[PDB]
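**Student:** Sending over a structure as structure tokens; questions will come in a sec.
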Amino acid sequence: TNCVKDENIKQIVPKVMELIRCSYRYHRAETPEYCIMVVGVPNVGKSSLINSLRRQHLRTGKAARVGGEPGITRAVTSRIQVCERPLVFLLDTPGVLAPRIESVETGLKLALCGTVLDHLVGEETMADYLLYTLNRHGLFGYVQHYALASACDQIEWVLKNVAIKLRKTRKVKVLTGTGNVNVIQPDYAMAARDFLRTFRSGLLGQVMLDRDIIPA
Amino acid sequence: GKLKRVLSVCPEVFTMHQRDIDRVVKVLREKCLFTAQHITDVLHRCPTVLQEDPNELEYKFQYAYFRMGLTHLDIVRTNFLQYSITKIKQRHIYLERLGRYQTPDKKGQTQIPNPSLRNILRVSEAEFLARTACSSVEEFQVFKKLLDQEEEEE
Amino acid sequence: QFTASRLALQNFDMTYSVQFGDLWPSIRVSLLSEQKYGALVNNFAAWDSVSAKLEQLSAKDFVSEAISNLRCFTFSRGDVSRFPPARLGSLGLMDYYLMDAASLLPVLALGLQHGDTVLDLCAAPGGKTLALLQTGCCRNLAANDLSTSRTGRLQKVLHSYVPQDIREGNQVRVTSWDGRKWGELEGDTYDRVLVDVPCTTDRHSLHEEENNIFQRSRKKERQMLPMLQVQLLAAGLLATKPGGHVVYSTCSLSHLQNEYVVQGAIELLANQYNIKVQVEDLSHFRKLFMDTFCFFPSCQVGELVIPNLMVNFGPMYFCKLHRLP
RNA sequence: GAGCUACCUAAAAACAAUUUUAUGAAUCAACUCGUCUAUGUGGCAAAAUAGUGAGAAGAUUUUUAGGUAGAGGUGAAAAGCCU
RNA sequence: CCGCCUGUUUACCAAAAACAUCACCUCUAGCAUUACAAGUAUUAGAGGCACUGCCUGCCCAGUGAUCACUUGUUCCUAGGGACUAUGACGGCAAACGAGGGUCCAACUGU
RNA sequence: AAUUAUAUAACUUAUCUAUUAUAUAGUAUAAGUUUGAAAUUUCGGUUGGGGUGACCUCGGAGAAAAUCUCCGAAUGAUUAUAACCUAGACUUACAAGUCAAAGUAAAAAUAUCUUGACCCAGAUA
Ligand SMILES: Nc1nc2c(ncn2[C@@H]2O[C@H](COP(=O)(O)OP(=O)(O)NP(=O)(O)O)[C@@H](O)[C@H]2O)c(=O)[nH]1
Ligand SMILES: [Mg+2]
Ligand SMILES: [Mg+2]
Ligand SMILES: [Mg+2]
Ligand SMILES: [Mg+2]
Ligand SMILES: [Mg+2]
Ligand SMILES: [Mg+2]
Ligand SMILES: [Mg+2]
Ligand SMILES: [Mg+2]
Ligand SMILES: [Mg+2]
Ligand SMILES: [Mg+2]
Ligand SMILES: [Mg+2]
Ligand SMILES: [Mg+2]
Ligand SMILES: [Mg+2]
Ligand SMILES: [Mg+2]
Ligand SMILES: [Mg+2]
Ligand SMILES: [Mg+2]
Ligand SMILES: [Mg+2]
Ligand SMILES: [Mg+2]
Ligand SMILES: [Mg+2]
């Protein structure tokens, strides 16, 4: 389902209905309101899904605060009415990742989509990962978008080009052999963010980060 | 043209005393709470309303408003007043018990799709039973008799 | 804040709508509109007098017409007319009892025979108990009801409708004790044991406001009804003599409360007490009363007279159980 | 009791320099306000001081005289203000 | 993230995401000698609401086809006449902010 | 929420004028009705505290007389119709509630079985 453009969101409620019919309800067998609960990792559209169904069926409007950065929804909230005919309510909960991610790569991928705050990874051991997978998967779109000379696979080079294109520079203290000196330099940090923020916006192309793991 | 149709259906608008004309309008505006423009539609669309006891007219509006969920605009646009209470109560109540109708709650929500008010009243009895209620003709005829007794024993 | 009737209506919609499919609409208007009463003559003094007057009103005995010794007058198909209130006869006995025609069928289906002792484990006021008195084929009718107030009513009903000679000291006997305990009190004693368990009384609970089984406080009792019903049915089955017949009757349509109860009882009786009870076919009964009753023919065990605005006699579920040994 | 304060009526005032333009535009004084921290807490002060800040040609600010009064007045609603 | 923006407020613990705001929308009123107003519906008053663009609910007699039936509504008694030629909803726009979260650079006795 | 409400608004009957063939107009007021700006007053009890529920009086059974465990009554039908009067007592804060010899009178002894004050309104004689 695509929350922003309400793709395939209609189908969810019939499946939840049919899925519930097979199960038992015990203590709640007499209640006529079907209350279901949404969970997941941060920035997966979990809060948005509340609003997309809130409108698609009830045609009322946004009810849960939808935000780009992870951590917007903090505590388990009250029910939010979603439909009237089946009378379906939703419980919204904060995104939980894991006490321990499995591998350094999964954790690196899990930051690509925006699930974990980027500064916990630095945003420099992650921009590199984009160039690898972007080149590996063949999506040579950053060259055209950033008007780069030609394809490359080195962060220092591409981020040098991206920084110049965006006209962004810093005053950075470097430590030479005769003592610290402050030298104006191109923003490698800023380019990494913008390079990440373009990828996540989908203007760099469609990706399948987990590839050759799904086929098998 | 509004006067032309009004005069034909209700010739006595000119001849009725100012008491009757004022009383009908006062109810529509002071009690029913129809907007100034809507009232004109009521007078023109259903001229016969001018000949109905104010209290009787008010009841008809109340029944729809509260016991059917129709909005002010719905009543005006569908010429709801032109119908007779006896027919209204029979058709609505029949469905309200069959489970094919429901009175919107506080939120305005209904757990079933109420059929169009046109279907409730505009269509013929055979059309109403076959499609909206999917019931046999006889059962309705029996229901009409039972309905009357409840009124008598009310 | 739904009232007890609101909850009863709400609960019925979710369950019954699935049980019957597309008949729920029909079955739903019948329960909320009105009921149809069938008059039963007292057969003691006015056995002829009441019959003549009722016929002039066009009411006809459905039991007698079907045969074409109980006789109960009901109006014609689709006729909504009522019955004039019962009056005290010349002899001092009421003219007739007005009851739901459906209530009579269990009694009529119980296959009463002369010289048969009959037990009513839960004898509700009048109803089936009064009808059994009307038929002369009784020796020692017994009646019980856990509550004492209703039995007080039962005694008045008997008094006004049964001559004192028939209701002699031992001819009838009214004891207000528990029904499940009856399994031990007597055993293999009464040939026929009519057992009408306390039920949800759909038609009543919808209209009724006071003492409604669907009240939130009474939730405790409502859940446990299937358990209590099984125990009461088990008590009667033990009491019936070898080769005896019992009829399990219930006012509701909840399959959990009508069809499984009898099957349940059978298994519990089959295992714990090492006895076998075999059901008796009532299909012939089904075909006889088609004209003046509306029942859906899909009940695995027993029969179930759904209501219908054309007829409205119901709702009842009567199952007949014969003890093979 | 409207010499405080809220709003209003009438008659009057103030706004440098710089850049934009042709402005409830910009930088920033006078002026208006009171963001954040510290001091103070019978204190200089029954709400201040010192810094740091927001606006600063406008729905700006200020002066004088008049009006609305408690079952009420006033209110860009804080149940604010009315010594 | 929230609010369109400059503005406004709980003098003395809250300056804000609250209030106002142009724009948009609904309702009420056909009129003069003390307010509205020495005005007249392109006006006035009461009240709601971000704008712009984009979207879709209602509602829009039925079938023949500007024509006839079936309906509908009335009466006279089940018969006979009379009459009937488009939206309330969502989704998003830069600029600005002593608003509330976050990051990096620099900077430092934190 | 209860009790009001010549705030405004409306109608109706009078009152007072105009007219007119009876009649339609108006109205320094009175009496109604409708509308409700307002006004006055109140916020029973028991329940770790908050939803809902519930429960509050009397009678029957157990614990066995302090709180707990259970059923019922705000009557019911039957009837011989069950009078008046008057010792001594029971019960009891008060209030209410019980039993009853003797005498007289009706008849030809008998009522059998299982509950709300005062005030204020009524009804008949
Ligand atoms: N392109 C795209 N963006 C989406 C979609 N759904 C959500 N987003 C983006 O994801 C963000 C919203 O995330 P949200 O719905 O709050 O999800 P969440 O998991 O509940 N948030 P949290 O991290 O607090 O747990 C916004 O940046 C929004 O634009 C989608 O279907 N497509
Ligand atoms: Mg002043
Ligand atoms: Mg200047
Ligand atoms: Mg400026
Ligand atoms: Mg400044
Ligand atoms: Mg500024
Ligand atoms: Mg102000
Ligand atoms: Mg407020
Ligand atoms: Mg003061
Ligand atoms: Mg703002
Ligand atoms: Mg500002
Ligand atoms: Mg303050
Ligand atoms: Mg201030
Ligand atoms: Mg501020
Ligand atoms: Mg402050
Ligand atoms: Mg606001
Ligand atoms: Mg601010
Ligand atoms: Mg740093
Ligand atoms: Mg005393
Ligand atoms: Mg004596």
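We label chains A, B, ... in the order they appear in the structure tokens, count residues from 1 in each chain, and number ligands from 1 in the order shown.
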So that I can check the surroundings of residue B:1, please list as a list in words every protein, DNA and RNA residue that reaches within 12 Å of it, counting only C-alpha atoms (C1' of nucleotides) and ignoring chain neighbours fewer than 6 positions away.
**Tutor:**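 Close residues of residue B:1: residues 7, 8, 44 and 45 of chain B.
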**Student:** For ligand 7, list the contacting residues at 9 Å or closer, counting only C-alpha atoms (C1' of nucleotides) and all ligand atoms, as a list in words.
**Tutor:**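 Within the 9 Å cut-off, the matching residues are residues 6, 7, 75 and 76 of chain D; 8 and 9 of chain E.
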**Student:** Residues within 12 Å of ligand 16, counting only C-alpha atoms (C1' of nucleotides) and all ligand atoms: report them as a ChimeraX atom specification.
**Tutor:** /D:76-77 /E:2-4,8,16-21,49-50
**Student:** Quick one: residues within 10 Å of stretch 8-19 of chain A, only C-alpha atoms (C1' of nucleotides) counted, chain neighbours fewer than 4 positions away excluded, as a PyMOL selection string?
**Tutor:** chain A and resi 1-3+23+34+36+49+52-53+56-57+82-83+86+88
**Student:** Kindly compile the residues surrounding ligand 17 within 9 Å, counting only C-alpha atoms (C1' of nucleotides) and all ligand atoms, and format them as a PyMOL selection string.
**Tutor:** (chain D and resi 35) or (chain E and resi 15-16+97-99)
**Student:** From the list A:204, A:209, A:7, A:172, which residue is nearest ligand 18 when using only C-alpha atoms and all ligand atoms?
**Tutor:**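 Among A:204, A:209, A:7, A:172, it is A:172 that comes nearest to ligand 18.
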**Student:** If the cut-off is 7 Å, can you tell me the residues of chain C near chain B, counting only C-alpha atoms? I'd like them as JSON, numbers by chain.
**Tutor:** {"C": [25, 26, 28, 29, 32, 78, 309, 310]}
**Student:** Selected residues, C-alpha atoms, written as a compact mmCIF listing (two decimals), in the first residue's frame, please.
**Tutor:**
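To be explicit, this is the file written out as part_22.txt:
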# COMPACT_ATOMS: atom_id res chain seq x y z
CA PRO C 25 -35.60 -9.79 8.16
CA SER C 26 -38.89 -11.68 8.25
CA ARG C 28 -37.13 -9.75 12.89
CA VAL C 29 -40.30 -7.79 12.13
CA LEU C 32 -41.09 -6.40 17.34
CA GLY C 78 -53.28 -13.67 8.10
CA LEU C 309 -46.02 -11.86 10.41
CA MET C 310 -48.48 -13.99 8.43
**Student:** Using only C-alpha atoms (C1' of nucleotides), which protein or nucleic acid residues come within 12 Å of stretch 13-20 of chain D? Drop anything in the same chain fewer than 4 positions from it, and give the result as a VMD selection string.
**Tutor:** chain D and resid 25 to 32 56 to 58 60 to 64
**Student:** May I ask you to extract the residues of chain C within 10 Å of chain A, using only C-alpha atoms, and to give them as a list in words?
**Tutor:** residues 7, 10, 11, 14 and 15 of chain C
**Student:** Include C-alpha atoms and write out the residues we just selected as a PDB file, in the first residue's frame.
**Tutor:**
ATOM      1  CA  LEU C   7     -28.831  -5.090  24.095  1.00  0.00           C
ATOM      2  CA  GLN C  10     -28.226  -5.800  19.365  1.00  0.00           C
ATOM      3  CA  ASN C  11     -27.054  -9.273  20.388  1.00  0.00           C
ATOM      4  CA  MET C  14     -25.093 -10.371  15.050  1.00  0.00           C
ATOM      5  CA  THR C  15     -25.911 -14.028  15.790  1.00  0.00           C
TER       6      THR C  15
END
**Student:** Could you give me, as a tab-separated table, every chain D residue with an atom at most 12 Å from ligand 13, plus its closest atom pair and distance in Å to one decimal, counting only C-alpha atoms (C1' of nucleotides) and all ligand atoms, rows ordered by chain then number?
**Tutor:**
residue	atom	partner	partner_atom_place_in_ligand_line	distance
D:5	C1'	ligand 13	1 (Mg)	10.7
D:6	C1'	ligand 13	1 (Mg)	11.4
D:32	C1'	ligand 13	1 (Mg)	11.5
D:33	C1'	ligand 13	1 (Mg)	8.4
D:34	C1'	ligand 13	1 (Mg)	9.0
D:78	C1'	ligand 13	1 (Mg)	10.8
D:80	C1'	ligand 13	1 (Mg)	10.0
D:81	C1'	ligand 13	1 (Mg)	11.0
**Student:** Return as a ChimeraX atom specification the residues of protein, DNA or RNA that approach ligand 18 to within 9 Å, with only C-alpha atoms (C1' of nucleotides) and all ligand atoms taken into account.
**Tutor:** /E:104-106
**Student:** The selected residues should be written to file as a PDB file, in the first residue's frame (atoms: N, CA and C atoms (P, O5', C5', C4', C3', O3' and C1' of nucleotides)).
**Tutor:**
ATOM      1  P     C E 104      25.835  15.990  15.689  1.00  0.00           P
ATOM      2  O5'   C E 104      26.725  16.805  14.653  1.00  0.00           O
ATOM      3  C5'   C E 104      27.078  16.230  13.407  1.00  0.00           C
ATOM      4  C4'   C E 104      27.458  17.272  12.386  1.00  0.00           C
ATOM      5  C3'   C E 104      28.542  18.253  12.784  1.00  0.00           C
ATOM      6  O3'   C E 104      29.846  17.703  12.730  1.00  0.00           O
ATOM      7  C1'   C E 104      26.783  19.415  11.730  1.00  0.00           C
ATOM      8  P     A E 105      31.002  18.280  13.685  1.00  0.00           P
ATOM      9  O5'   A E 105      31.322  19.708  13.064  1.00  0.00           O
ATOM     10  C5'   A E 105      31.846  19.821  11.751  1.00  0.00           C
ATOM     11  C4'   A E 105      31.943  21.257  11.312  1.00  0.00           C
ATOM     12  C3'   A E 105      32.729  22.186  12.222  1.00  0.00           C
ATOM     13  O3'   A E 105      34.130  22.088  12.035  1.00  0.00           O
ATOM     14  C1'   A E 105      30.691  23.213  11.624  1.00  0.00           C
ATOM     15  P     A E 106      35.129  22.196  13.288  1.00  0.00           P
ATOM     16  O5'   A E 106      34.948  23.689  13.801  1.00  0.00           O
ATOM     17  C5'   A E 106      35.752  24.741  13.292  1.00  0.00           C
ATOM     18  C4'   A E 106      35.173  26.085  13.648  1.00  0.00           C
ATOM     19  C3'   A E 106      35.420  26.559  15.073  1.00  0.00           C
ATOM     20  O3'   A E 106      36.671  27.203  15.235  1.00  0.00           O
ATOM     21  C1'   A E 106      33.124  26.748  14.580  1.00  0.00           C
TER      22        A E 106
END
**Student:** What's around stretch 91-104 of chain F at 12 Å? Count only C-alpha atoms (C1' of nucleotides), leave out sequence neighbours fewer than 4 positions away in its own chain, and write the answer as a list in words.
**Tutor:** residues 83, 84, 85, 86, 87, 115, 116, 117 and 118 of chain F
**Student:** Quick one: residues within 10 Å of residue A:121, only C-alpha atoms (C1' of nucleotides), excluding same-chain residues fewer than 3 positions away - as a PyMOL selection string?
**Tutor:** chain A and resi 107-108+111+116-118+124-126
**Student:** Per DSSP on the backbone, filter chain B down to the residues in alpha helix (DSSP H) and report them as JSON, numbers by chain.
**Tutor:** {"B": [2, 3, 4, 5, 6, 7, 8, 9, 18, 19, 20, 21, 22, 23, 24, 25, 26, 36, 37, 38, 39, 40, 41, 42, 43, 44, 45, 54, 55, 56, 57, 58, 59, 60, 61, 62, 63, 64, 65, 66, 67, 68, 72, 73, 74, 75, 76, 77, 85, 86, 87, 88, 89, 90, 91, 92, 93, 94, 95, 96, 97, 98, 117, 125, 126, 127, 137, 138, 139, 140, 141, 142, 143, 144, 145, 146, 147, 148, 149, 150, 151, 152, 153]}
**Student:** Could you list, as a list in words, every residue of chain B that has an atom within 9 Å of an atom of chain A, counting only C-alpha atoms?
**Tutor:** residues 109, 110, 111, 112 and 113 of chain B
**Student:** Would you output that residue set with N, CA and C atoms, as a PDB file, in the first residue's frame?
**Tutor:**
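Result file follows (out08.pdb):
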ATOM      1  N   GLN B 109     -23.553   8.560  12.124  1.00  0.00           N
ATOM      2  CA  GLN B 109     -23.108   7.321  11.509  1.00  0.00           C
ATOM      3  C   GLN B 109     -24.211   6.273  11.551  1.00  0.00           C
ATOM      4  N   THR B 110     -24.268   5.463  10.500  1.00  0.00           N
ATOM      5  CA  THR B 110     -25.162   4.319  10.427  1.00  0.00           C
ATOM      6  C   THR B 110     -24.359   3.107   9.986  1.00  0.00           C
ATOM      7  N   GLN B 111     -24.633   1.961  10.604  1.00  0.00           N
ATOM      8  CA  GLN B 111     -23.898   0.743  10.294  1.00  0.00           C
ATOM      9  C   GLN B 111     -24.440   0.025   9.066  1.00  0.00           C
ATOM     10  N   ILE B 112     -25.505   0.536   8.457  1.00  0.00           N
ATOM     11  CA  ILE B 112     -26.035  -0.021   7.215  1.00  0.00           C
ATOM     12  C   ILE B 112     -26.331   1.130   6.264  1.00  0.00           C
ATOM     13  N   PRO B 113     -26.352   0.864   4.959  1.00  0.00           N
ATOM     14  CA  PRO B 113     -26.663   1.921   3.986  1.00  0.00           C
ATOM     15  C   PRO B 113     -28.162   2.143   3.879  1.00  0.00           C
TER      16      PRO B 113
END
**Student:** Can you check which residues of chain B have any atom within 10 Å of chain F? Use only C-alpha atoms (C1' of nucleotides) and format it as a compact mmCIF listing (two decimals) with C-alpha atoms, in the first residue's frame.
**Tutor:**
# COMPACT_ATOMS: atom_id res chain seq x y z
CA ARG B 19 -54.58 33.53 10.51
CA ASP B 22 -49.29 33.21 9.13
CA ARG B 23 -49.55 30.15 11.38
CA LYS B 26 -44.46 30.69 11.61
CA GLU B 30 -39.90 29.51 14.16
**Student:** Interatomic distance between atom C1' of residue E:101 and atom CA of residue A:202?
**Tutor:**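 A separation of 25.5 Å between them.
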